[PDB]
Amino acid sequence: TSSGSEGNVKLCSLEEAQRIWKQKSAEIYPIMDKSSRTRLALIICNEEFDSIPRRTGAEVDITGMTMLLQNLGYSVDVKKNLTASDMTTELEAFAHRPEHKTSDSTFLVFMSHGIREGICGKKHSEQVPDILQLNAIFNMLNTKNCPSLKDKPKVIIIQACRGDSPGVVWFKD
């Protein structure tokens, strides 16, 4: 039933779970006790911008990803319409959350306009770029800057253009 905490996410049965622990021995990330764990996730979505077109439909993305991450056991912080500077501040704050110490993993989701260089902040324009680089995201969440997530999977999801090209070539059929 979709009325449960896991919503539309299909459940892993105990039979499935023990088979998974058989197919792969000591090569699975450990999960913490459901009763005591404090999993966190972060969603940064830029929909309304100063200079670039509004991202109509972004609310559908926020709703879908928020509910999915909750279904998977994560407490989700949603931040909207941030400059690259604000994104950096929010990511640093996220890295400092005490809940990560009693968590086994994290998800970070970024949704915005993008260019080859990276992800657009709310103030971005061609004349005055406002860009967050993927490299900065990794640096803020690594073992130096986020020791609480040492040895724990950190999944980064990015919805953004990476350039202007349609991404296709023709071939004779």
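Start at 1 and count along the sequence shown; that's the residue number.
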(request) May I ask you to compare 38-46 and 24-32 by their mean CA B factor in the entry and name the higher one? (result) 24-32
(request) Compare the mean C-alpha B-factor of 105-113 with that of 58-66 as given in the PDB entry, and name the stretch with the higher value. (result) 58-66
(message) By the CA temperature factor listed in this entry, which of these ranks top: 135, 127, 148, 142?
(response) 127
(request) Comparing against every modelled residue in the chain, figure out the third that the C-alpha B-factor of residue 4 lands in (lowest, middle or highest). (result) highest
(request) Using the B-factors in the PDB entry, rank residue 81's C-alpha atom against the chain and give the third, lowest, middle or highest. (result) highest
(request) State the tercile, meaning the lowest, middle or highest third, of residue 14 with respect to the CA B-factors recorded for its chain. (result) highest
